[PDB]
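Understanding the architecture of this molecule
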Amino acid sequence: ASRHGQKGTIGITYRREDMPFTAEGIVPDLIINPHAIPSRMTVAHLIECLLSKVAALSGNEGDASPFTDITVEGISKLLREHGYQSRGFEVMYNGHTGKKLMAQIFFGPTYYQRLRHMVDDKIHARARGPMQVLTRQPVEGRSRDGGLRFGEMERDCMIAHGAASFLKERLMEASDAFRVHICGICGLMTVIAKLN
Amino acid sequence: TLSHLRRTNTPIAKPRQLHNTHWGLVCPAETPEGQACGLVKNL
Amino acid sequence: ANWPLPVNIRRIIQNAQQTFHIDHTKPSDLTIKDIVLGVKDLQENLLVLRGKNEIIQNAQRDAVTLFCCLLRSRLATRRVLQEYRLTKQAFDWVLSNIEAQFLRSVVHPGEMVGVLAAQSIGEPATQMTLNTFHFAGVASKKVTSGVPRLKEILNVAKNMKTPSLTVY
Amino acid sequence: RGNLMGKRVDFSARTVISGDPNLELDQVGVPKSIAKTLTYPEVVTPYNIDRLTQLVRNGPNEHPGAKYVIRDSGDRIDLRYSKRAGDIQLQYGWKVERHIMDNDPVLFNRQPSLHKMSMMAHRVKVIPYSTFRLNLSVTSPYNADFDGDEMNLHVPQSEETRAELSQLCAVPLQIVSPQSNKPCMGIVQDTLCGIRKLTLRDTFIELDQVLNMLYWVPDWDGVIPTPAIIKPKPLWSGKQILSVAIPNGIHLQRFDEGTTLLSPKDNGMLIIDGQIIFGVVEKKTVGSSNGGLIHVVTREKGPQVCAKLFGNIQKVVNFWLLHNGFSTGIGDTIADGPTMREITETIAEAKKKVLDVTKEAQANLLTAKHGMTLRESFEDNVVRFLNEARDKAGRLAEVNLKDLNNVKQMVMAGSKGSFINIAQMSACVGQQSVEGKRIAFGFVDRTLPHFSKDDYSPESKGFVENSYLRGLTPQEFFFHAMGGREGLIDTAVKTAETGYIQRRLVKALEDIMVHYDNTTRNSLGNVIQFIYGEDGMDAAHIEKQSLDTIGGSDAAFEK
Amino acid sequence: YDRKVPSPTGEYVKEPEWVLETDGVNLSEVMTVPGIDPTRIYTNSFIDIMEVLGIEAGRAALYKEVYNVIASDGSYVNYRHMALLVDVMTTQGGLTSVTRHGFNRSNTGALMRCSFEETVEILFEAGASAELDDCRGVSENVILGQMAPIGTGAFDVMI
Amino acid sequence: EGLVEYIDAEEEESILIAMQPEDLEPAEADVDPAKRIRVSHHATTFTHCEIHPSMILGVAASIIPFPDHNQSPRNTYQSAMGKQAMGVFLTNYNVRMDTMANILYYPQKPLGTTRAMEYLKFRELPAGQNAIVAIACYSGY
Amino acid sequence: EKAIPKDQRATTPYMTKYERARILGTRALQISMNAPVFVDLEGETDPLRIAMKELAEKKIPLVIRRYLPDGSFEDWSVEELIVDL
Amino acid sequence: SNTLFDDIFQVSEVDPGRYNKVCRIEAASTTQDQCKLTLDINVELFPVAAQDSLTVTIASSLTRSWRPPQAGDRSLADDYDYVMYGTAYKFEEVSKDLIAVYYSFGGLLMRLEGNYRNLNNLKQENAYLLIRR
Amino acid sequence: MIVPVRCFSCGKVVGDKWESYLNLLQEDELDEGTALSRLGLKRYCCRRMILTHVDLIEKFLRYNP
Amino acid sequence: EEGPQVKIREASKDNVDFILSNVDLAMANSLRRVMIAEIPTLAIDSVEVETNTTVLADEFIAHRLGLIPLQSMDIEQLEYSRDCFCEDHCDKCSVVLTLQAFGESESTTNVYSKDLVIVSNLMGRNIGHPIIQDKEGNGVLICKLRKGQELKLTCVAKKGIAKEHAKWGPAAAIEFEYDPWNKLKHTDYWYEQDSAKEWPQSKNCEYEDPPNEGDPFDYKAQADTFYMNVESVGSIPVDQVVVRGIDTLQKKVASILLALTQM
Amino acid sequence: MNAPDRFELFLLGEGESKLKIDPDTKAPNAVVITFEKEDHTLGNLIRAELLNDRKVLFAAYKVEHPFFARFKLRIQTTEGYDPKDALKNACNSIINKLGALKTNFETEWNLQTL
Amino acid sequence: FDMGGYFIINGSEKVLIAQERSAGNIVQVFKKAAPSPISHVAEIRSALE
RNA sequence: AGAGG
DNA sequence: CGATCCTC
Ligand SMILES: Nc1nc2c(ncn2[C@@H]2O[C@H](COP(=O)(O)OP(=O)(O)OP(=O)(O)O)[C@@H](O)[C@H]2O)c(=O)[nH]1
Ligand SMILES: [Mg+2]
Ligand SMILES: [Zn+2]
Ligand SMILES: [Zn+2]
Ligand SMILES: [Zn+2]
């Protein structure tokens, strides 16, 4: 995540070659999408990037402090003094084909954070497994290889679809199921069945 | 850590709301989502 | 004018035009008899209910009242001729296509509408944002809306919040 | 509630979800490890025996393998330990608990499960890496994004249970929603943005690329279309190669605003025999629109054909855009020197309008109309003048944005953002509210201790003149934060509230179903409706169409 | 208020009209006032409509209201869905609530009512009143772990 | 020396605060269009002045660059988020025996800092890295 | 009793999705359990694909008991039911 | 097949309607007192100014998969400078004797008005536009 | 923690450059901008690598164990 | 000589600035890619840690060692250990470096790439010697030790390409530009007022003639003349990066020619 | 954890062969070669060159999914021209061009001083 | 860099979370709603510090 | 109760 | 007397 409420997972890794590149041969470490910008309305993210680019080039810290007189214009002015286009854009080349891109990419440094709750700490799968003592239903939590909850909300979706046998298997074959002996007179689980 | 040591809890006619009076006293941004939103404050 | 009905007739016409490579500068091969009696006959074939009796026959008649209005408004002589410029071969297929699509458009016994309706109102309910007033510009038209109103409605709340008579 | 209605289940999986432009709509990417855990009890028939022995041979750690062999009596041979794990001489009637393989039906879900579309049968495609991969165009019925969302996966254990999924719960079946009688999945994000960019008149493509774009469509006929331009350089328009993705017999007509039949602005839509004749392709065509390409392709060609369509559209548009490129930067929020002077002027006149109304109010002059306080009226006026200001200032900005403006570009495609965003980001943020009214006097007769008593000015009561580009002042900042907080607070309320509404609605209607006499009845067999929805029609099979006998003049009807 | 009313030529026209909006309900008395259209009169209080004009008008008003919330948001839900809900509350003679008060008090099977709210007490009066559950409801089969009379099992298969 | 005073919300009620020592009180009688609009200091009866308006924020928000250029709630989210981030939490991290300890291999000081970060010791003990980032439609992954 | 006669039957001549799905499941189950195939399985080995072929060829020997809310029913063979869908 | 139409036109207007490679051309026949023409042209390939005299031809020859030119001895029905390929999509009769044809050369539109568009311009995927001088 | 061997983005060996960098400031009374350039660090990906680096190891070695 | 043409503008031990005329985009690009990845080099691939009393972790150290550049001059004379007939490694396929450091001094002891020492028999090949460009002759600062602090490890350096791990990269950054005037109109400049005024003019512009205002767009033109700058880490010298880059590409094309023959 | 070995990018597995030549289903005289443990370095290079051949009617490559290091090349030639031949011709041209480049760069390098 | 201000209880580091309350001995007046027979109410939550 | 959407 | 999903 960037310092602007812009959390997101890695979608894929590309090695240096496959990445788009600047004519300097600079390449991204990250590729964030333009679509997560207009709605989120996080302009400081864009300002940060511009500020950081000037900062890296000039070798001077970027003043990102709030109630200041630092203007996008002032920053833009300095970046051009460093011979890059004023608004952070950069002509980029496709790493596959080598061809230029019709778009000039807004590219520069940005402080991104690594957050806890990484894939492998979350990935869980269960076939058969440990059953609870009282309920006789699959246990809870991945640590003890537990069963994921097929709640009532999920039950409803299945009812909607009209998948009666799936819903039956999901509540019997999978999870629970049990064979009880009942009286054809009182109907209670009294029957003291001496099997075999 | 610093953030955790500056936390405020408000138990229980609109406490969740950022009151004018909070200016310079409690942080306007910092607050959890949903659950204790506007009840858990930060100095 | 525009209301949700089964069988998109407009498309069927457009499809027939392309399928039969309709020549707009040629006289068709139908009769006033073909069109007029054709639609009249297609109407009888648009089945929802199937009981041999008068109660169910009226039930059927009622269920298609609106669709038939469309069917007839669209497939009337003048239009079939000067507008659509259809041919007997093309027109007949339209009648079979309408019947087929209509029959496909019908509900299936087993379709769990209870859950469906509930979820169909319930999911859009969750998507409701900043619900206090959005149906206001002045101060006179400031009535309780969104989830708090929907709650009033479902609870059949004896003690409302914005009781309002609108006198014409 | 939690042990009978709902319960923890076997043959289930969960992990973080991720986007995949190379997976089919109806597929789901399943990590090898997850595939290696979940099994399916297959009975040994002569039809399978050769695949089944080889699968028992691969064992529990090589992928297309198995975990258990069940035989006579019902004894489980554990392939991970058994001394005969490499011996096993299969017999018919025996079962082989095999690893979930490519193309198996699975139930894929995102919680909360508010829709029948939050639960969908997917085709397994075993993949490397740890995320559940999914086609971007299935994002919406699930209400998923990839910011860290996790999804659940359930495996059918019976031949009849797999059918239920593949024949009822399948993703292509789900395309046309019964909820709103319109489809529930369309061309979203990059592909939506790119499809607009590709479909412009200006967008022309050449042989080298054209050939790649064509090969990229799997259903490709293998016939190079004749370039719209044969003269110096054979040049294909974007519209052209994209019509390759559209199947034959697809006819679609629109007519936007200006739209003639000679479509001067390249607006509206005309597709004949599945070839785009005119009109730029964007949300209206390719989104989850009622009269959209998707509703048409589903109805005409079929669900499975339409599901394939999403794939082809994506493959082309994606490839094209991957090579074209698209960005968004700070420059895209910057609007003209003269525009800035004009937005400032717009706010300044609103500032005057308010001050004049205030001066008027203070002279005991203004007479409020019947029904409202002399003060109540004052605020409507001010707040109105101030919204007018923001909106007018915003429309000024939008107008100054070029056709090359990446924000304008996304809005135009309908891929992301609205007007308000342009307005707040570049022109002016606007008036902040809490409980309907503008910022209130929390301090005695002032909103902040930086103001004088009894100050009713735009600024004093939460009016943010600055845009996000310009930056907000501390007063603006705090006021915005007050308004912002209300959002987060009610979001918390609304989501908790609506969830309870849903459980009630569901529990109240649960047992209502259409019977074998078209009658909508409950468990007790009581009639709720005599014909479902007063017409005995299924909601998915219904569309808005104009009743031509109702409108126009009597002369116009006569003609 | 603005109104679409047909012109002498036949075409519909935007003929604007004067409409009064009230704070508070006394439907019973306002409709008997001269100079008004008692045909057209309306209240957001569908319960008053129910009492003054009958259950059918109640249903009509109850829908008009439910719809209004859905469209207020900007969203659209097919008529039939809201029509179903509205009809459910309606078919009873009066207005049955979408809470433990309304539908959870109804003649339904004991096991499907204990699935919603007031779980323990619903089953307590089931034993006291000596209730007989039909087991044809969704929830009953869900508890019993049998194939429910839902879509797929709403008919029997034979040779 | 009575150059500064401690004020609570109760006393706050009776005072008049200027936001800037300068901009809020020198003299009165060209401009920078890029700079934000600031209302003319019409009230001139000040009893106090703000040490710095940025001081309205606390620890987590004090980490955000330009929060003043952000939509109100994105500032709220980043606040909760930065507490889910990795880095040197302390120098003695490998002298302590604690459940869960996540430390960034090569943590770097943000190229864009707030003045408040000086006291928050952020550059001394950081939470992220200065990634070279591109806002682009690439493979659509 | 209760049984409605073959003539005088008001239910759809068409097979519901729910009927089709259950029929396909029940047959696919039998195929997968070494029960005989009533059609030429030209190239096919998938129990559902085989049931699908069997349905398309109308050599599925199963009948649907259509219950009505009064308790009465209507029996319809897979051979007789129209398969549009 | 062979030609279906040929005439010399006079450029009225040239409009880059928010386009930077395409232009909408407004033309009139040098012979006919009623014959109109509205057409989209790639003004990057064939730059068109004001009142330029243009020979505009509609043909149907010189379905089958496209083979690159890559043959010197291959001779196409042009000594022309600008050649397009389109589809017929509408045939609006502009009252009495006046008829208009609608051609889309891959989304580059054309509208030709007149009288004698008879046993020559039919609803055809066949449509070749040829411009001269 | 300690001066990364090689720039993440580009690969240019930044490992050897650190002592040299500190000295350049301390002794040669230079500023970061010239100091980075004087070490041949031209691309900004290489620049952030050294400029933004916080050397936690010096504090760490301060602990006796 | 015949096809592709080279013109070296500038050259040093670490960078080569040259123009590549009479070439197609694919070749220029495919050469840039092959330089990044596909060229084999020698890097530390296995670390045995006998002793580590440093503040740094075993694998954090092991990681850096991998990134130390080693003499990859005679790399084609070394086998990939996967093709070697030994049990694990040997001298035909690997180089063994040793590192022993102990903070004897009170003052913080620095552990350099210079401090690594070959123990393998190099059989007279310019291989495995850490690349030292640091003027003080130290190279990479692997680690810092206090006083008690000891570090005892043994590392096997193996042959490999960047396509497996970015440590095997001999190059780093390749500057690459074609048509500095956008005569090709291969890009579309984003602007506020004037594209020419708003975009900085490329250094290669003086190597090409401007478009001349009122000239029609050259539709037929294809890009041929690619302004490049190949930089090296020092494992292999610059001339080799490009020569071996070319050579590898030839080799992989030649395997396809050969694969058609076994078919 | 679920990530496959980096050598899987360039090393052929058991049963895996480099080129897999399949006759195109639709078009006449067209072929589809699956290239194993290769990317855009080879794909774009062969494809670009095949276009320089006048008797090549169609030539296009694709890498169906990034996870896997393989590419598909579809080639169509004129009647009597086998695409396997148009491929080997394209391959040989590439080699020759590269030869000259190596030679020319080497020559240039020997003329420079530093 | 440690700031202190926490407790160490059985090796675990504890933070005493500042608790919000209304100040006592404060006179506040409340307009009571429509059904009650009392128009307004004057309160004081007195205590001994 | 701590956090994740 | 109830108050959205998930795990730890
Ligand atoms: N339908 C739709 N929703 C959007 C659009 N843009 C943003 N949103 C929504 O705006 C909200 C804010 O984005 P997020 O910060 O990711 O919301 P979140 O992931 O649920 O995290 P929380 O803020 O804790 O709720 C989410 O509900 C998004 O789905 C849009 O263009 N269309
Ligand atoms: Mg999310
Ligand atoms: Zn008994
Ligand atoms: Zn670098
Ligand atoms: Zn060896």
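Look a little higher up for the structure.
So, on to the coordination of the zinc ion (ligand 3). Tetrahedral coordination by four donors sets the ideal angle at the metal to 109.5 degrees; octahedral coordination by six donors sets it to 90 or 180 degrees. With distances of 2.3 to 2.4 Å, the protein atoms coordinating the zinc ion (ligand 3) are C183 of chain A (SG) and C186 of chain A (SG). A residue is classified by how much of its surface remains accessible, and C183 of chain A, at 25% relative accessible area, is partly exposed.

In this section: the interface of chain D and chain J. Every contact between the two is made by 10 residues of chain D and, on the other side, 8 residues of chain J. Both faces combined, the contact of chain D with chain J buries some 770 Å², and carbon together with sulfur accounts for 55% of it. Contact with chain J buries area across many residues of chain D, yet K233, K402 and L404 of chain D alone supply 58% of it, more than any other trio. The tally of links from chain D across to chain J stands at 0 salt bridges. On the surface where chain D and chain J come into contact, there are 4 residue pairs in polar contact. Its residues assigned to classes, the side of chain D that touches chain J comprises 3 nonpolar, 3 polar and 4 charged.

Along the chain, the position of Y92 of chain D falls in the loop between β6 (76–78) and β7 (95–99). Taking the C-alpha atoms as reference points, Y92 of chain D and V464 of chain D, 372 residues apart in sequence, are found 77 Å from one another. Not counting chain neighbours up to four residues away, the residues in contact with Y92 of chain D comprise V44, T45, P46 and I49 of chain D together with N34 of chain G.

Right, let's talk about the protein's contact with DNA strand N for a bit. Taken together, 19 residues lie near DNA strand N, and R142 of chain A, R1 and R8 of chain D together with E117 and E121 of chain E sit nearest. Counting only atoms of DNA strand N within 4 Å of the protein, the sugar-phosphate share comes to 91%. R142 of chain A places a polar main-chain atom, nitrogen or oxygen, 2.8 Å from a phosphate oxygen of DNA strand N. Within the side chain of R100 of chain E, a nitrogen or oxygen atom sits 3.4 Å from a base oxygen of DNA strand N. Counting residues per element, the surface near DNA strand N draws most heavily on helix α16 (residues 474–509) of chain D, at 5 residues. Of the residues that constitute the surface near DNA strand N, the class distribution is 4 nonpolar, 5 polar and 10 charged.

Let's shift gears to the packing of aromatic side chains. Going through the model one piece at a time under the given rule, you end up with 52 aromatic pairs over all chains. An angle of 70 degrees between the planes, with centres 6.2 Å apart, marks the rings of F67 of chain K and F68 of chain K as edge-to-face. Among the residues examined, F67 of chain K registers a relative accessible area of 12% and is labelled buried. On the basis of relative accessible area, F68 of chain K is assigned to the partly exposed category, the value being 27%. Grouping aromatic residues by their ring pairs yields a cluster made of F21 and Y93 of chain A together with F176, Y178 and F226 of chain J. Sitting over the ring of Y500 of chain D, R504 of chain D keeps its end group 4.9 Å from the ring centre.

Taken together, the residues surrounding ligand 1 are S39 and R40 of chain A, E33 of chain B, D145, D147 and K416 of chain D together with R74 and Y77 of chain F. Ligand 1 sits at a junction of chains, with neighbouring residues supplied by chains A, B, D and F. A distance of 3.4 Å separates an oxygen atom of ligand 1 from a polar side-chain atom of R40 of chain A. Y77 of chain F places a polar side-chain atom, nitrogen or oxygen, 3.4 Å from an oxygen atom of ligand 1. For ligand 1, whose accessible area on its own is 640 Å², the fraction buried by protein is 41%. Per-class residue counts for the shell around ligand 1 are 1 nonpolar, 1 polar and 6 charged.

Moving on to the interface of chain A and chain D. Contact with chain A, which involves 74 residues of that partner, is made by 87 residues of chain D. Of the roughly 7100 Å² buried at the junction of chain A and chain D (both faces included), carbon and sulfur atoms supply 58%. Looking only at chain A, the three residues that lose the most surface to chain D are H35, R128 and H161 of chain A, adding up to 11% of its buried area. Linking chain A to chain D there are 9 salt bridges. Of the charged contacts in the structure, one is a salt bridge between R126 of chain A and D10 of chain D, with a shortest N-O distance of 2.8 Å. When contributions to the side of chain A that touches chain D are tallied by element, the ones reaching two or more residues are α1 (43–58), β5 (100–113), α3 (119–122), β6 (124–126), β7 (148–150), α4 (152–161) and α5 (164–171) of chain A. Here the element with the most residues in the side of chain A that touches chain D is α4 of chain A; it accounts for 9 residues.

The rules behind these values
Residues numbered from 1 in each chain as written, not as in the entry; some residues may be left out. Chains lettered and ligands numbered in written order. Part of a larger assembly, values for the part shown. Heavy atoms only, no water. Donors = N, O, S within 2.8 Å, 3.2 Å for Na, K, Ca; no water. Buried < 20%, exposed > 50% of the residue type's maximum accessible area, 1.4 Å probe, protein only. Contact = heavy atoms within 4.5 Å. Buried area = accessible area lost by both parts, 1.4 Å probe. Salt bridge = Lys/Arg side-chain N within 4 Å of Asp/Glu carboxyl O. Polar contact = N/O pair within 3.5 Å; in protein donor to acceptor, adjacent residues only side chain to side chain. Nonpolar A, V, L, I, M, F, W, Y, C, P; charged D, E, K, R; others polar. Helix = DSSP H or I, 4+ residues; strand = E, 2+ residues; numbered from the N terminus. Near = heavy atom within 4 Å. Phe/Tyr/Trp six-rings, centres within 6.5 Å; stacked < 30°, edge-to-face > 60°. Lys NZ or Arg CZ within 6 Å of the ring centre and 35° of its normal. Areas by Shrake-Rupley, 256 points an atom, 1.4 Å probe, with all protein chains shown as cover.

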